[PDB]
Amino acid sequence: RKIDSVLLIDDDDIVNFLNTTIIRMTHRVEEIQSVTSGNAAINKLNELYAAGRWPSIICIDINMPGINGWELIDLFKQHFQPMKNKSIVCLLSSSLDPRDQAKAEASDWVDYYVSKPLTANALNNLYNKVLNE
């Protein structure tokens, strides 16, 4: 019942650190990694496709120096459509907004949209989404 992994994309280290603690507190995930930008994300997911590997869950901060989480998804839509459904994608935004909630629901790449850091509830649905895969 473990989860293979989660990749976190945020440019704020304290948040990556917090989120990755709160995932540790959950005892349900095998490996956790972290990148701090959209292009570093590409390079890593890319290095990953190249392996059986694809993160079990992906979290992405909307607001990021350089391209934001929406542009990163637009790029996923275009580089990585193999995986559109081999992943579970969570978007995060410090401040929650209705516009964005709606796009997340729209988008078939984004499975969820929350504030920051991860909570235990949010991680539980994410785990349930990977299991009702």
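Heads up: residue numbers just count along the shown sequence, starting at 1.
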Legend entry - Which of 25 to 33 and 59 to 67 has higher mean CA B factor, as the PDB entry lists it: 25 to 33
Inset, instruction - Quick one: say whether 68 to 76 or 97 to 105 has the higher mean Cα B-factor in the deposited entry. - result: 97 to 105
Legend entry - Ranked C-alpha temperature factor of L45 among modelled chain residues, by third: highest
Inset, instruction - Among all modelled residues of this chain, ranked by Cα B factor, put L91 in the bottom, middle or top third, i.e. lowest, middle or highest. - result: lowest
